[PDB]
Structure formats: structure tokens, C-alpha cells
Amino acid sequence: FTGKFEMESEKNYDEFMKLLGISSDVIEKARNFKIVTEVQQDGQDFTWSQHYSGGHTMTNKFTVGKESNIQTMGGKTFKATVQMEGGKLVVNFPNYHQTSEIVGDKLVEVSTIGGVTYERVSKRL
């Protein structure tokens, strides 16, 4: 997982963002942000950073198997426990499922809420 990754692809961004309840005007603007993810893994400990066009940053620090609270790029916090399952980091929370995986030097992140699945693929820098 350790690396710096730049988003190159995403599936179902609009459908996912509407479900979060964010305005169409903000969806349209936010769609054009470049997202760079920087990850540092030290054993069980992760530091996980998202850097957005403009220089805003969101950092989460968690231990696999420990309860933690995660915040999102905008700033919405939630309690969760990250599990290592088959190569994936997996997170759960009321009505929300999230995975992060390295697939052939790419970082692939999947979030599912109900029938809606968002995917992000980020190339390694």
C-alpha cells in the first residue's frame, strides 16, 4: 500500500455524490479535482492522505483491527474498524461498505451504499 497515487478513473461518481446529498452545482465543480493519495504503512499502522487540486488535504491514521473514526475529504466523521481481508483493507459503518486494494501497481478504492457502487482507480507515482 505504501506510495503516492493519482486518480485516473472513476465509476459512478455522480450517482454516489447525489446519494450523499451534495448539490449538483458542487458535484459538477468537484468532478474536475485531481486527487492524489499518499499512503504510509508501518506494520499495522496506516497514514492515509488525500491531496486535492488547490492544496487542501485530508489525512486519516488507523490501525488494522483497532476501532477508529474516519473523516472524508469534505469532513464527515464516522466510527469504523478496518480489516485486512484477502489483500483488501475493508471498512464498514451503518449502510456503507468500503474497500481499498493494490491491483497491479494501482490503488483501487470501492465504496458501496445500497445498490450504488463507486470505484476509483489511481495510478502509482
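Just count from 1 along the sequence shown to find any residue number.
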On average, are the C-alpha B-factors higher in 101-109 or in 5-13?
101-109
Mean C-alpha B factor from the entry: is it higher for 71-79 or for 46-54?
71-79
Check the PDB entry and point out which of 61, 66, 88, 31 has the largest C-alpha temperature factor.
66
Pull the Cα B-factor of residue 84 out of the PDB entry and bin it into the chain's lowest, middle or highest third.
highest
Test of reading the entry: by CA B factor among the chain's modelled residues, which third contains residue 92?
highest
